[PDB]
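Accompanying notes for the structure given below.
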Amino acid sequence: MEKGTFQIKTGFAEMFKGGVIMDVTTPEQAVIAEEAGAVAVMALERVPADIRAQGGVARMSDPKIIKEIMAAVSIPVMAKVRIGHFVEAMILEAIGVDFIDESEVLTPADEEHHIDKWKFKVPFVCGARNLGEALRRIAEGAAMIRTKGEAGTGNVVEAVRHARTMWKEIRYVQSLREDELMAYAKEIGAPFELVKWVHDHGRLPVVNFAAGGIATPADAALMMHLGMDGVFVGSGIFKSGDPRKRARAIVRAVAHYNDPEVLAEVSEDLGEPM
Amino acid sequence: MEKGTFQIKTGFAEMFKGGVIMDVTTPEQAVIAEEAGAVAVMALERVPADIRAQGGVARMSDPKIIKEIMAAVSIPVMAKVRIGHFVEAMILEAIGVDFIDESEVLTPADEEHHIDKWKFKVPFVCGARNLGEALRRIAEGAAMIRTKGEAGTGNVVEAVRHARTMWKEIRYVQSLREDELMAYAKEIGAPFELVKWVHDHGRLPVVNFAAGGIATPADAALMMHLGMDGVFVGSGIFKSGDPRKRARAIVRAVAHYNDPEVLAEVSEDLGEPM
Amino acid sequence: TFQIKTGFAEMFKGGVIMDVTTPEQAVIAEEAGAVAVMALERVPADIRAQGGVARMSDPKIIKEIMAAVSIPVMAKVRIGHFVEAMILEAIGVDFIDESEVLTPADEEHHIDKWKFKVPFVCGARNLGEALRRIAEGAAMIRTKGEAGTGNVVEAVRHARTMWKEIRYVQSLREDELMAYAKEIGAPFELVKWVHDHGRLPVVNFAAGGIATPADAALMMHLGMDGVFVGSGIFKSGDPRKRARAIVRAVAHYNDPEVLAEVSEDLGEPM
Amino acid sequence: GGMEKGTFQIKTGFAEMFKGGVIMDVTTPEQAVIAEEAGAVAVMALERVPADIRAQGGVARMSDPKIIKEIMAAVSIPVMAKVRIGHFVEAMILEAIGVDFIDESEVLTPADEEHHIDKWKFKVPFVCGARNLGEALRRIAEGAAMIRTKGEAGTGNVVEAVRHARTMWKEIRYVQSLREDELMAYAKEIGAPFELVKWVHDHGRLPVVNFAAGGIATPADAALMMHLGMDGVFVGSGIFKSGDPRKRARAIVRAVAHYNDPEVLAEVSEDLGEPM
Amino acid sequence: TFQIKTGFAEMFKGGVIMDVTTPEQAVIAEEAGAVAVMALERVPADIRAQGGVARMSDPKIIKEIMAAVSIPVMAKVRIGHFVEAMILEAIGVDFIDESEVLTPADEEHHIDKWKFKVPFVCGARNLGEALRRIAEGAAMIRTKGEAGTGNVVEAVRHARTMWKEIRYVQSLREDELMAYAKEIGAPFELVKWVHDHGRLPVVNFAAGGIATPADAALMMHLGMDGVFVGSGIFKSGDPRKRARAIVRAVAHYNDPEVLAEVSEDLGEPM
């Protein structure tokens, strides 16, 4: 019998567990995010949600602005690339970003293929709405997963659906008989060997963050209760009264998601949401 | 032959029977409501109907606003949370609200699951359009039910439909043979054990209020004639000219719903509605 | 508060219940090792196939079978025919099968089984159906499988489906149970029970299409507590041999050697 | 950040001994002997012809161990037997009595319409049917040690076997031609296990022996399947009902062994009698 | 650069090719004036009508026919069955008919005829189909017509259609040829060839449903180069007479008097 092999890019995002990653468009916002306790920042030249709302094309940000943000903080810096645009990824890797987000929020560059992430040293985070999608991204080399949620609305409903769905399926796979795994793998279009891995471990092999629609500290804590490892939040934070306060509030809510007293405290006099 | 047991959050809203609960956005309005005779107030930082109209997301109100209202009156204070947002509920419970309304008027946070209300000490009120919905909410731990009615229109037609429907079904269940209960329970998607309870008692195990579209004293009294235990009325009272007058009028109409002389008196020179 | 009619079918675990139409077949079944027999005046599948109405069997025939063996005797009633059930209870049957194989007497309601002292077994194709029957008072469940074909495919589907759902329910978060219960039309309180125990509160047997020793053992591997087999055993050629073979296959379902042994020179099935 | 080492297996090395050969369905020891003397590389033991049972509207199951053992004692070449799809207990029995290969056959009445047998739980190797690459790889991922086209049963029409053989190969060669970054999309498209798709991309062939089956009625048909890239063929018991069982069986064996020799093919096709 | 397998069927122009199932029929066909015979062990139409699979005939029967006559002998193979073709070529047939009347062996691909020395005849219902077959290597084309009915209506449709399209292609502007080629799914280079010559590059025969002398002559008037006729000639009553009648009708297709003469007292057709 022949022995086949495959890999899983593990250990790259564990450092972010229990934390918040914040979108930032300027070095000033990056500084505020770091001071507020963000575990990493997502550098953006312009808010993708704003671009698509205007019917424009959202692409990789200019290296100039990404570098400026990298020079402003000490925490990890992530940046986005269009789905399938492996050259944009080559560029981000070259300038030294710590993580690349192959994001559906930017305008897809390839509507059939995602990036061959195994061809890169730099780790990637990819979006998913269910287990099948998550496992396909991981099979391609993804080192982190995040819910797709809903972009540009501030409505947490889809993030909740994706979080609950991914976990319902993970726990279901773990509960299935070994002889029932292939049929299920085919049903959800998930790579078989990874389905077997999930059956044996009862979790995803990589960190899984909530993203899209997280607008309040309550929303962030809700995602932690739903089994997510942390959350990504948008630049809306720096678009309301005291951005420093809401940013810190979300960081604290994620760190103490099971403490009602803390959650109530950080939610008080928080100002207008996005 | 094993024997199981289930619970029912009873005895929490009986103190509101025969009364009116008013939506309030400021301490000043809360004071007016209390002076008018309201049995409780519903604290809101902003009218959810207004937010939906603007296509925005309606969420739990800022604790600061809720606390200010709590400090202004002696009657019970309720507040709303989005459907399925159990963390918003954790927060409201922590700040000391007397009742939580898991409201469909706010933007649903979970389109598949409602809050596991048994995990809270604070009682919940939930909306329903029929018996099946009412019993599912009660099975989840609801301590009070209200019609969903129609919000932001001032049209009582849906509240009438919901009130009549719930009661037609309650009385029908009571009229059914014991051997016909399972088929009906399945038909309306209602928890079997609660259907049996309703069959034996001929009513819901918790207080059932009218809500959504009650704009005039006549509307309020109409709901009492249709078998409801009381009514919830919106902040529209504090904008329809001389809020104090219409507020007292509705309270008196509910208290004397079977007295045409009183109903005529309080309806006269009441001013523009909504 | 609610109840669950438990403790009535546990005695049948690991066993085979055989359909019998005569006292002679009943004796053969008992001698073969059957844990109980299902008395039938005529094979429902035959009647149904002939387009006729299949009902409760004549008490005379059931009594003759009861007097021929010492093991429990079951009999069938049409779905919703609670008077047929009153009659079977009165004559002393040990278990009643509210069977979909007989012609349904009520297309809307099943029997209010709580009104009887005698235990009932009901069929199910999934968890929702099983829990509804249990909520009505059923003390035992069986797969509906497929009747009158000898094809085990549906019994396999039902067995696997009920178990996939049971294990899924156990895996669900407590706050996700109501939505699921509503989805499969299952009594909420029983769903919570299954969530806490990871199994059905009553014995669950395979039935419908079990034609060979291999089929019977297969059902045990799929998590069933035993099997019901049709009167086809007394026609295939050697009744005593195939009957004993199925009994032994269930008792040794995890032993390939024994399974191979009892399957050899077994003549031809139904 | 590191790389967790994942592993998986492929049941290779079990069917190579059959390459370039013919496997024949036999219902009696006498036919088994004829098949072996004709040059068959293995025989498929059957108590009754599945196609006939199905046509008669009956249920086709695993054969009685008695008849399988009788066939095993009559020949020296490997003996295979069939089980219904998903019937792992029938498989446990065949393994126990010593069959050399198990055919999880769609020709028998499926026992599980949702799941195939967890073949990794067996020592004895399995051959499974497939109509395309996706199906073939799913069966291999489940542990299959050999694949065969499904073809068409009970008709003697080779058209479907041709379609399956050509389709599996078109897909295999296409996978090999694809860019590495285009493999996941294709794997998803055909419902094929991704790691095996990558394996096929690197090797340009199926990881296990692939035989033609279903509808192979004449020496010309058998040779055709070899030209289409198959490793051998499975033929039905129709050979024992034509006229000269020995001649017919020998003709197929020689046609497969010399599929690229027009003269041999013409020779063995002459005065061969009516098929089936 | 490309090729066209021309020059192989010209010898058959103005003639009749007859289906024969025995050496005796072959002799009758040759004596009647047939330019070639199509050897068949069994009538495909009969087999197909009986729901059976029609394949290449046994080499034994084909050889017996080859040894009985001096004129060319053709034989059929199933569509896409290139091994059957390898066999027919090996035994020395003069022409192979990749026939739709036999049961197709490949529903997607026809035989790569360029890989054979022996010429092939293929059927077609229109110009696109004819050109695709020719592009694959066909050295002769025939209408598909309708088999096993004796109804000439489809042969007429196919003959008229192929010619309407050929003359249309010749009438088209050079800049309109690509769009048309795409429209009828025809190889572009061959379309340009037809545009320049106003005919097919290979012999085109009528076939399928030619039952009477009048039918045969009709096909010649419609621009066909000759006709293929079924073995029905040897059953209608007097084989030698009807066979000779069809041969003479084709040779004198424009002579009403001869056509009337050979049609008289011809017994009854298929």
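For the structure tokens, the naming scheme is as follows: chains receive sequential letters (A, B, ...) according to their order of presentation, residues are indexed from 1 within each chain, and ligands are indexed from 1 in presentation order.
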
Within 9 Å of residue 154 of chain D using only C-alpha atoms, minus same-chain residues under 5 positions, as a ChimeraX atom specification: /D:50-52,55,214-215

Hey, what's within 9 Å of residue 180 of chain A if we count only C-alpha atoms and toss same-chain stuff fewer than 6 positions away? As a PyMOL selection string, please? chain D and resi 114-116+118

Could you name the residues that touch residue 161 of chain C at 8 Å or less, counting only C-alpha atoms, but leaving out those on the same chain fewer than 4 positions away, as a list in words? residues 125, 126, 127, 157 and 165 of chain C

Would you mind exporting N, CA, C and O atoms of the selected residues as a JSON list (two decimals), in the first residue's frame?
```json
[["chain", "number", "residue", "atom", "x", "y", "z"],
["C", 125, "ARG", "N", -39.43, 6.12, 10.79],
["C", 125, "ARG", "CA", -38.43, 6.22, 9.73],
["C", 125, "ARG", "C", -37.35, 7.23, 10.10],
["C", 125, "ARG", "O", -36.32, 7.31, 9.44],
["C", 126, "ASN", "N", -37.59, 7.99, 11.16],
["C", 126, "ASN", "CA", -36.64, 8.99, 11.62],
["C", 126, "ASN", "C", -36.89, 9.33, 13.09],
["C", 126, "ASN", "O", -37.83, 8.83, 13.69],
["C", 127, "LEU", "N", -36.05, 10.19, 13.65],
["C", 127, "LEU", "CA", -36.19, 10.55, 15.06],
["C", 127, "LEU", "C", -37.49, 11.27, 15.40],
["C", 127, "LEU", "O", -38.10, 10.98, 16.43],
["C", 157, "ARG", "N", -31.69, 2.52, 5.93],
["C", 157, "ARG", "CA", -31.89, 3.96, 5.90],
["C", 157, "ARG", "C", -32.49, 4.46, 7.21],
["C", 157, "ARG", "O", -32.00, 5.42, 7.80],
["C", 165, "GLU", "N", -29.52, 11.28, 13.70],
["C", 165, "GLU", "CA", -30.27, 12.34, 14.36],
["C", 165, "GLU", "C", -30.10, 12.30, 15.87],
["C", 165, "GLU", "O", -29.97, 13.34, 16.51]]
```

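In this model, the gap between atom CA of residue 27 of chain A and atom CA of residue 249 of chain A comes to 20.6 Å.
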
Within 12 Å of chain C: residues of chain B, using only C-alpha atoms, as a PyMOL selection string: chain B and resi 1-8+84-86+110-119+132-133+135-141+177-197

Interface residues on chain D facing chain E, 12 Å, only C-alpha atoms, written as a ChimeraX atom specification: /D:151-152,154-167,215-228,255-256,258-276

All helix (DSSP H, G or I) residues (DSSP, backbone) inside segment 44-256 of chain C, as a VMD selection string: chain C and resid 44 to 49 59 to 66 82 to 90 113 to 115 127 to 135 153 to 171 174 to 183 188 to 197 213 to 221 231 to 234 239 to 251 256

Report as a tab-separated table the residues of chain A within 8 Å of chain B, each with its shortest atom pair and distance in Å (one decimal), using only C-alpha atoms, ordered by chain and increasing residue number.
```
residue	atom	partner	partner_atom	distance
A:153	CA	B:57	CA	7.8
A:154	CA	B:57	CA	7.0
A:155	CA	B:57	CA	6.4
A:156	CA	B:109	CA	5.9
A:157	CA	B:109	CA	4.5
A:158	CA	B:110	CA	8.0
A:160	CA	B:110	CA	6.3
A:161	CA	B:110	CA	6.9
A:218	CA	B:87	CA	5.7
A:219	CA	B:87	CA	7.5
A:221	CA	B:87	CA	7.0
A:222	CA	B:87	CA	5.7
A:260	CA	B:90	CA	5.6
A:261	CA	B:94	CA	6.0
A:263	CA	B:91	CA	6.2
A:264	CA	B:91	CA	4.9
A:267	CA	B:62	CA	6.7
A:268	CA	B:63	CA	5.0
A:269	CA	B:64	CA	5.6
A:270	CA	B:62	CA	7.3
```

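Between residue 220 of chain A and the residues A:9, A:129, A:256, A:164, the shortest atom-to-atom distance, using only C-alpha atoms, involves A:256.
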
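As for atom CA of residue 78 of chain D and atom CA of residue 142 of chain D, they are spaced 22.9 Å apart.
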
Sort by chain and increasing residue number a table of all residues of chain D within 6 Å of chain A, each with its closest pair of atoms and their distance in Å to one decimal, counting only C-alpha atoms, and write it as a Markdown table.
```
| residue | atom | partner | partner_atom | distance |
| --- | --- | --- | --- | --- |
| D:1 | CA | A:12 | CA | 3.9 |
| D:2 | CA | A:10 | CA | 5.5 |
| D:3 | CA | A:9 | CA | 5.0 |
| D:4 | CA | A:8 | CA | 5.3 |
| D:5 | CA | A:7 | CA | 5.3 |
| D:6 | CA | A:6 | CA | 4.9 |
| D:7 | CA | A:5 | CA | 4.4 |
| D:8 | CA | A:4 | CA | 5.0 |
| D:9 | CA | A:3 | CA | 4.9 |
| D:10 | CA | A:2 | CA | 5.3 |
| D:11 | CA | A:1 | CA | 4.9 |
| D:12 | CA | A:1 | CA | 4.7 |
| D:118 | CA | A:179 | CA | 5.3 |
| D:181 | CA | A:116 | CA | 5.3 |
| D:193 | CA | A:192 | CA | 5.6 |
| D:194 | CA | A:191 | CA | 5.6 |
```

Can you write just those residues out, C-alpha atoms, as an mmCIF file, in the first residue's frame?
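And here's again-v2.cif as it stands now:
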```cif
data_model
loop_
_atom_site.group_PDB
_atom_site.id
_atom_site.type_symbol
_atom_site.label_atom_id
_atom_site.label_comp_id
_atom_site.auth_asym_id
_atom_site.auth_seq_id
_atom_site.Cartn_x
_atom_site.Cartn_y
_atom_site.Cartn_z
ATOM 1 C CA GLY D 1 3.533 28.569 12.687
ATOM 2 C CA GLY D 2 4.280 25.134 11.297
ATOM 3 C CA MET D 3 3.026 22.273 9.149
ATOM 4 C CA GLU D 4 1.062 19.373 10.622
ATOM 5 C CA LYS D 5 1.860 16.149 8.775
ATOM 6 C CA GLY D 6 -1.319 14.593 7.432
ATOM 7 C CA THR D 7 -1.393 11.076 6.023
ATOM 8 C CA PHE D 8 -3.670 8.850 3.960
ATOM 9 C CA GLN D 9 -3.369 5.518 2.187
ATOM 10 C CA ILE D 10 -4.183 3.974 -1.176
ATOM 11 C CA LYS D 11 -4.717 0.208 -1.381
ATOM 12 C CA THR D 12 -2.220 -0.495 -4.148
ATOM 13 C CA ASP D 118 -15.837 1.247 4.760
ATOM 14 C CA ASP D 181 -3.836 26.201 -8.929
ATOM 15 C CA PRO D 193 -11.364 13.801 -2.965
ATOM 16 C CA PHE D 194 -8.819 16.614 -3.355
#
```

Apply DSSP to the structure's backbone, then extract all residues of segment 58-250 of chain C labelled strand (DSSP E) and return them as a PDB file with N, CA, C and O atoms, in the first residue's frame.
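Generated output (states_10.pdb):
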```
ATOM      1  N   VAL C  73     -46.306 -13.088  23.214  1.00  0.00           N
ATOM      2  CA  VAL C  73     -46.992 -13.069  21.935  1.00  0.00           C
ATOM      3  C   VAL C  73     -47.503 -11.663  21.659  1.00  0.00           C
ATOM      4  O   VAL C  73     -48.170 -11.053  22.501  1.00  0.00           O
ATOM      5  N   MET C  74     -47.168 -11.148  20.483  1.00  0.00           N
ATOM      6  CA  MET C  74     -47.609  -9.822  20.073  1.00  0.00           C
ATOM      7  C   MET C  74     -48.638  -9.992  18.959  1.00  0.00           C
ATOM      8  O   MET C  74     -48.743 -11.059  18.358  1.00  0.00           O
ATOM      9  N   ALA C  75     -49.400  -8.937  18.691  1.00  0.00           N
ATOM     10  CA  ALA C  75     -50.398  -8.953  17.631  1.00  0.00           C
ATOM     11  C   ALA C  75     -50.522  -7.524  17.120  1.00  0.00           C
ATOM     12  O   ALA C  75     -50.162  -6.581  17.824  1.00  0.00           O
ATOM     13  N   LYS C  76     -51.030  -7.366  15.903  1.00  0.00           N
ATOM     14  CA  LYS C  76     -51.145  -6.042  15.294  1.00  0.00           C
ATOM     15  C   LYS C  76     -52.537  -5.431  15.241  1.00  0.00           C
ATOM     16  O   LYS C  76     -53.547  -6.135  15.251  1.00  0.00           O
ATOM     17  N   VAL C  77     -52.571  -4.102  15.187  1.00  0.00           N
ATOM     18  CA  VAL C  77     -53.822  -3.363  15.037  1.00  0.00           C
ATOM     19  C   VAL C  77     -53.556  -2.300  13.984  1.00  0.00           C
ATOM     20  O   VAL C  77     -52.405  -1.926  13.740  1.00  0.00           O
ATOM     21  N   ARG C  78     -54.618  -1.825  13.352  1.00  0.00           N
ATOM     22  CA  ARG C  78     -54.487  -0.787  12.341  1.00  0.00           C
ATOM     23  C   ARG C  78     -54.182   0.534  13.029  1.00  0.00           C
ATOM     24  O   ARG C  78     -54.590   0.760  14.168  1.00  0.00           O
ATOM     25  N   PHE C  95     -47.992  -7.655  23.821  1.00  0.00           N
ATOM     26  CA  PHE C  95     -47.540  -6.418  23.185  1.00  0.00           C
ATOM     27  C   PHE C  95     -48.399  -6.179  21.950  1.00  0.00           C
ATOM     28  O   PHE C  95     -48.802  -7.131  21.281  1.00  0.00           O
ATOM     29  N   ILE C  96     -48.687  -4.915  21.652  1.00  0.00           N
ATOM     30  CA  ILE C  96     -49.471  -4.588  20.467  1.00  0.00           C
ATOM     31  C   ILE C  96     -48.629  -3.764  19.512  1.00  0.00           C
ATOM     32  O   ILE C  96     -47.963  -2.820  19.924  1.00  0.00           O
ATOM     33  N   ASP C  97     -48.670  -4.129  18.237  1.00  0.00           N
ATOM     34  CA  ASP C  97     -47.937  -3.409  17.208  1.00  0.00           C
ATOM     35  C   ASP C  97     -48.946  -2.579  16.427  1.00  0.00           C
ATOM     36  O   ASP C  97     -49.783  -3.128  15.714  1.00  0.00           O
ATOM     37  N   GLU C  98     -48.907  -1.260  16.608  1.00  0.00           N
ATOM     38  CA  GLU C  98     -49.794  -0.367  15.863  1.00  0.00           C
ATOM     39  C   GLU C  98     -49.021  -0.298  14.551  1.00  0.00           C
ATOM     40  O   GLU C  98     -48.064   0.471  14.406  1.00  0.00           O
ATOM     41  N   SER C  99     -49.453  -1.121  13.601  1.00  0.00           N
ATOM     42  CA  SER C  99     -48.746  -1.300  12.339  1.00  0.00           C
ATOM     43  C   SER C  99     -49.205  -0.640  11.052  1.00  0.00           C
ATOM     44  O   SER C  99     -50.368  -0.734  10.666  1.00  0.00           O
ATOM     45  N   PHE C 120     -47.133  -1.000  23.686  1.00  0.00           N
ATOM     46  CA  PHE C 120     -47.217  -0.901  22.228  1.00  0.00           C
ATOM     47  C   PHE C 120     -45.857  -0.703  21.568  1.00  0.00           C
ATOM     48  O   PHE C 120     -44.973  -0.063  22.131  1.00  0.00           O
ATOM     49  N   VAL C 121     -45.716  -1.240  20.362  1.00  0.00           N
ATOM     50  CA  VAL C 121     -44.517  -1.013  19.566  1.00  0.00           C
ATOM     51  C   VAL C 121     -45.042  -0.266  18.337  1.00  0.00           C
ATOM     52  O   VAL C 121     -46.105  -0.603  17.806  1.00  0.00           O
ATOM     53  N   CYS C 122     -44.320   0.768  17.911  1.00  0.00           N
ATOM     54  CA  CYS C 122     -44.717   1.568  16.752  1.00  0.00           C
ATOM     55  C   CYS C 122     -43.534   1.723  15.811  1.00  0.00           C
ATOM     56  O   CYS C 122     -42.387   1.673  16.245  1.00  0.00           O
ATOM     57  N   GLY C 123     -43.822   1.920  14.531  1.00  0.00           N
ATOM     58  CA  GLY C 123     -42.763   2.082  13.551  1.00  0.00           C
ATOM     59  C   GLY C 123     -42.336   3.524  13.370  1.00  0.00           C
ATOM     60  O   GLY C 123     -43.091   4.453  13.673  1.00  0.00           O
ATOM     61  N   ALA C 124     -41.120   3.712  12.864  1.00  0.00           N
ATOM     62  CA  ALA C 124     -40.583   5.050  12.639  1.00  0.00           C
ATOM     63  C   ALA C 124     -39.508   5.032  11.557  1.00  0.00           C
ATOM     64  O   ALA C 124     -38.764   4.058  11.423  1.00  0.00           O
ATOM     65  N   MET C 140     -41.942   0.843  22.713  1.00  0.00           N
ATOM     66  CA  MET C 140     -40.931   0.228  21.865  1.00  0.00           C
ATOM     67  C   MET C 140     -41.066   0.816  20.470  1.00  0.00           C
ATOM     68  O   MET C 140     -42.161   1.167  20.041  1.00  0.00           O
ATOM     69  N   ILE C 141     -39.942   0.940  19.776  1.00  0.00           N
ATOM     70  CA  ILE C 141     -39.933   1.469  18.423  1.00  0.00           C
ATOM     71  C   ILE C 141     -39.254   0.460  17.510  1.00  0.00           C
ATOM     72  O   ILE C 141     -38.444  -0.358  17.954  1.00  0.00           O
ATOM     73  N   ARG C 142     -39.610   0.503  16.236  1.00  0.00           N
ATOM     74  CA  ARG C 142     -38.990  -0.360  15.247  1.00  0.00           C
ATOM     75  C   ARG C 142     -38.923   0.454  13.970  1.00  0.00           C
ATOM     76  O   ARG C 142     -39.706   1.395  13.786  1.00  0.00           O
ATOM     77  N   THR C 143     -37.982   0.121  13.095  1.00  0.00           N
ATOM     78  CA  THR C 143     -37.891   0.824  11.826  1.00  0.00           C
ATOM     79  C   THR C 143     -39.089   0.350  11.018  1.00  0.00           C
ATOM     80  O   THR C 143     -39.615  -0.740  11.252  1.00  0.00           O
ATOM     81  N   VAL C 203     -36.533   0.641  23.769  1.00  0.00           N
ATOM     82  CA  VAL C 203     -35.879  -0.306  22.870  1.00  0.00           C
ATOM     83  C   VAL C 203     -36.246   0.006  21.416  1.00  0.00           C
ATOM     84  O   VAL C 203     -37.390   0.345  21.110  1.00  0.00           O
ATOM     85  N   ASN C 204     -35.262  -0.106  20.525  1.00  0.00           N
ATOM     86  CA  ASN C 204     -35.460   0.187  19.105  1.00  0.00           C
ATOM     87  C   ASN C 204     -35.007  -1.020  18.284  1.00  0.00           C
ATOM     88  O   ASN C 204     -33.826  -1.360  18.279  1.00  0.00           O
ATOM     89  N   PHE C 205     -35.954  -1.651  17.595  1.00  0.00           N
ATOM     90  CA  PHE C 205     -35.694  -2.839  16.778  1.00  0.00           C
ATOM     91  C   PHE C 205     -35.704  -2.558  15.285  1.00  0.00           C
ATOM     92  O   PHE C 205     -36.330  -1.608  14.815  1.00  0.00           O
ATOM     93  N   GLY C 226     -32.352  -5.353  18.263  1.00  0.00           N
ATOM     94  CA  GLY C 226     -32.797  -6.683  17.899  1.00  0.00           C
ATOM     95  C   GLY C 226     -33.522  -6.573  16.578  1.00  0.00           C
ATOM     96  O   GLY C 226     -33.520  -5.506  15.965  1.00  0.00           O
ATOM     97  N   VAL C 227     -34.154  -7.652  16.131  1.00  0.00           N
ATOM     98  CA  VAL C 227     -34.860  -7.597  14.857  1.00  0.00           C
ATOM     99  C   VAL C 227     -36.189  -8.338  14.832  1.00  0.00           C
ATOM    100  O   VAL C 227     -36.405  -9.289  15.587  1.00  0.00           O
ATOM    101  N   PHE C 228     -37.077  -7.870  13.960  1.00  0.00           N
ATOM    102  CA  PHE C 228     -38.370  -8.498  13.724  1.00  0.00           C
ATOM    103  C   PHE C 228     -38.174  -9.136  12.348  1.00  0.00           C
ATOM    104  O   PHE C 228     -37.595  -8.508  11.458  1.00  0.00           O
ATOM    105  N   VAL C 229     -38.630 -10.372  12.172  1.00  0.00           N
ATOM    106  CA  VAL C 229     -38.511 -11.042  10.876  1.00  0.00           C
ATOM    107  C   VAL C 229     -39.856 -11.634  10.466  1.00  0.00           C
ATOM    108  O   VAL C 229     -40.632 -12.076  11.313  1.00  0.00           O
TER     109      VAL C 229
END
```

Please list as a list in words every residue within 6 Å of residue 38 of chain D, counting only C-alpha atoms and excluding residues in the same chain fewer than 3 positions away. residues 35, 249 and 250 of chain D

For residue 208 of chain D, list every protein, DNA or RNA residue within 12 Å, evaluated using only C-alpha atoms, and leave out those in the same chain fewer than 2 positions away; present the list as a PyMOL selection string. (chain A and resi 1-2) or (chain D and resi 9-19+125-128+136-137+139-141+143-148+196+199-200+203-206+210-211+230-231)

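Note that the spacing between atom CA of residue 219 of chain E and atom CA of residue 65 of chain E amounts to 27.6 Å.
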